[PDB]
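Since the structure comes first, as structure tokens, the remarks are kept for the end.
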Amino acid sequence: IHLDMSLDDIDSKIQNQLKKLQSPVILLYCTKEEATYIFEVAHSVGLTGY
Amino acid sequence: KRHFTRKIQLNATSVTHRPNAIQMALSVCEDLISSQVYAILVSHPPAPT
Amino acid sequence: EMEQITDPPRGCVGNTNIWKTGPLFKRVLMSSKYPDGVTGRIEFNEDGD
Amino acid sequence: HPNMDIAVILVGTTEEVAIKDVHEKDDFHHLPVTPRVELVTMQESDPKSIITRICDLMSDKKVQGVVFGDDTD
């Protein structure tokens, strides 16, 4: 997944794009701060869980 | 003139190209950012290297 | 027409932080609808081209 | 005489102090060309500040190498 926050829909597009995923092991790559935002979003998505 | 001037206003700032590589960017941190530009335009110089 | 926008950082000095306002300016600017122009029709692709 | 000109910088809260001096003492070591070092630190590091300082240092030091270090994240 390649995504960036653009205008007012990055969250929509990112959320729609991230929601599909089901995989157990995730490699993440981004700036540290972006990691903060992506993780908040993952916590909402439920991707951080066990 | 054409756009609403009561609500918002437009002011213009611009710089002559500098031969030294450093001035174009340095022209930005103080020259192009001290003034708080909302956007920048850029064009090829008369002499091109 | 958009709202709640913070001014850009004043001066390079002392600011290690990005500016929340600005990406949005790009978004509206890419979606501008003033097709009439001397140069020709204006619309912007995803890359901003 | 025959020594290379070098510069190193430290930034942020952390202080090198005596450790840098020890390195210089440690640094003479064994060699034919000797390092000549000028040290400067800056409490604050900026794109304009950092860019400015190293070149300014170029004017007096005229160093052929630079090492940069920071407390920053």
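By order of appearance in the structure tokens: chains A, B, ..., then residues from 1 within every chain, and ligands from 1 in the order shown.
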
Could you work out which residues of chain A fall inside 12 Å of chain D? Count only C-alpha atoms, and format the result as a list in words.
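Only these qualify: residues 31, 32 and 33 of chain A.
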
Residues of chain D no more than 12 Å from chain B, counting only C-alpha atoms: send them over as a PDB file with C-alpha atoms, in the first residue's frame.
ATOM      1  CA  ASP D  46      18.397  24.753  11.616  1.00  0.00           C
ATOM      2  CA  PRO D  47      18.357  24.364   7.824  1.00  0.00           C
ATOM      3  CA  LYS D  48      19.423  27.998   7.568  1.00  0.00           C
ATOM      4  CA  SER D  49      21.584  27.801  10.737  1.00  0.00           C
ATOM      5  CA  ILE D  51      23.791  25.519   6.244  1.00  0.00           C
ATOM      6  CA  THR D  52      25.264  28.848   7.412  1.00  0.00           C
ATOM      7  CA  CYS D  55      30.387  27.225   5.263  1.00  0.00           C
TER       8      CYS D  55
END

Using only C-alpha atoms, which residues sit within 10 Å of residue 12 of chain D once same-chain residues fewer than 2 positions away are excluded, as a list in words?
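So the residues in contact are residues 10, 14, 15, 41, 42, 43, 44, 45, 69, 70, 71, 72 and 73 of chain D.
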
Go ahead and write the residues just picked, C-alpha atoms, as a tab-separated table (two decimals), in the first residue's frame.
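That gives us selection_2.tsv:
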chain	number	residue	atom	x	y	z
D	10	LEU	CA	27.84	18.56	17.91
D	14	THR	CA	24.08	16.45	24.68
D	15	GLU	CA	27.58	17.77	25.39
D	41	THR	CA	28.82	23.17	18.66
D	42	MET	CA	25.41	24.61	18.26
D	43	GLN	CA	22.69	24.70	20.86
D	44	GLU	CA	20.22	25.04	18.02
D	45	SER	CA	20.35	23.38	14.59
D	69	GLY	CA	26.39	14.93	15.18
D	70	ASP	CA	23.14	15.76	16.85
D	71	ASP	CA	20.99	15.15	19.90
D	72	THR	CA	18.01	15.35	17.58
D	73	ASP	CA	15.36	12.88	16.47

So that each row is one residue of chain A with an atom at most 10 Å from chain C, can you give its shortest atom pair and the distance in Å to one decimal, using only C-alpha atoms, rows by chain and rising number, as JSON lines?
{"residue": "A:5", "atom": "CA", "partner": "C:23", "partner_atom": "CA", "distance": 8.2}
{"residue": "A:6", "atom": "CA", "partner": "C:23", "partner_atom": "CA", "distance": 6.3}
{"residue": "A:7", "atom": "CA", "partner": "C:24", "partner_atom": "CA", "distance": 4.7}
{"residue": "A:8", "atom": "CA", "partner": "C:24", "partner_atom": "CA", "distance": 7.6}

Contact set, chain C to chain D: 8 Å, only C-alpha atoms, as a ChimeraX atom specification
/C:12-14,16

Generate a file of the selected residues that holds N, CA, C and O atoms, formatted as a compact mmCIF listing (two decimals), in the first residue's frame.
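Result file is result18.txt:
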# COMPACT_ATOMS: atom_id res chain seq x y z
N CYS C 12 12.42 30.73 8.83
CA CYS C 12 12.93 29.38 8.96
C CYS C 12 13.34 29.12 10.40
O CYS C 12 13.03 28.06 10.96
N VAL C 13 13.95 30.11 11.01
CA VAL C 13 14.47 29.95 12.35
C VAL C 13 13.46 29.54 13.40
O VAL C 13 12.35 30.07 13.47
N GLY C 14 13.87 28.57 14.20
CA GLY C 14 13.09 28.15 15.35
C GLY C 14 11.91 27.23 15.10
O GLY C 14 11.23 26.84 16.04
N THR C 16 10.87 23.58 13.73
CA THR C 16 11.23 22.23 13.34
C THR C 16 10.01 21.47 12.86
O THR C 16 10.09 20.31 12.45

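Residues lying within 8 Å of segment 2-7 of chain C, counting only C-alpha atoms and ignoring same-chain neighbours fewer than 5 positions away, are residues 36 of chain B; 19, 20 and 21 of chain C.
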
Could you make a table, as CSV, of the residues of chain C that have an atom within 7 Å of an atom of chain B, each with its nearest atom pair and distance in Å to one decimal, counting only C-alpha atoms, in chain and number order?
residue,atom,partner,partner_atom,distance
C:8,CA,B:36,CA,6.2
C:10,CA,B:34,CA,6.0
C:11,CA,B:34,CA,4.5
C:12,CA,B:29,CA,5.6

Just-selected residues, C-alpha atoms written as a CSV table (one decimal), in the first residue's frame:
chain,number,residue,atom,x,y,z
C,8,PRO,CA,2.7,29.3,7.6
C,10,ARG,CA,7.3,32.8,10.3
C,11,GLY,CA,10.9,32.5,9.2
C,12,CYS,CA,12.9,29.4,9.0
